[PDB]
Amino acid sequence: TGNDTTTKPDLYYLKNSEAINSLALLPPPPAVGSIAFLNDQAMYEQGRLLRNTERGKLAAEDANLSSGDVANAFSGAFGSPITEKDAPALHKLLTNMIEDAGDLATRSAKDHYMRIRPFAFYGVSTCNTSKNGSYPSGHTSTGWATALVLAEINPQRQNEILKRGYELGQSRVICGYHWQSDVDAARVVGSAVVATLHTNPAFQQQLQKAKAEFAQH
């Protein structure tokens, strides 16, 4: 009743039973009629107007990123290409945890609230062109968990890396895929799954490997 490492050993490191219970950790999303939701809407409008700036351009690009391209999207901040060909050890580490962070860490809350997404709410398109399950953001969770892991491998560039991971979430806000509160919530959950990953042997093996590789080149 839900994919995990025993169904897709290449996309997950953990089992359903090792997942963070996002439903119990996270407060509910702002309800329409609240001042907090009024803020989500205002942030949506701000993001919308940014769609035409340079920042909006980068946003449209980040919205194209599928789960698999997330790792490579940190090459600039990391300081070297994160590709299967230039760093297979590292590329393997980040790819096998994608759904631990994007799915297992968000599933519970995502399916209970079934929150509607901005574009669906306004019945308008997004900046780059599942109308529910908006809260919390799976992509943002993956983006942020990846940054935390990457920062441990290259502490010398933790700030650039952390910043990049943070902006990946904001791009979804600017592009209309999520409400601001959806991404803020995703960072709580995405940081939590990283703690669990550190208790997983396979993850630990790849981490050491990826670090050796890093020292290597």
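Note that residue numbering begins at 1 and tracks the sequence as displayed.
- According to the record, the deposited sequence contains 4 to 9 residues between residue 129 and residue 130 that were left without coordinates.
- Look at the mean CA B-factor for 13-21 and for 193-201 in the entry; the higher one is 13-21.
- Set 148-156 against 26-34 and average the Cα temperature factors; 148-156 ends up higher.
- Of all the options 136, 81, 118, 102, the entry's greatest CA B-factor is assigned to 81.
- Annotation for 46, 67, 171, 180: 67 ranks highest, by Cα B-factor.
- The PDB entry assigns residue 50 a C-alpha temperature factor belonging to the middle third of its chain's modelled residues.
- Sort the chain's modelled residues by C-alpha temperature factor and residue 76 lands in the middle third, per the entry.
- In the deposited entry, the Cα temperature factor of residue 175 places it in the middle third of its chain's modelled residues.
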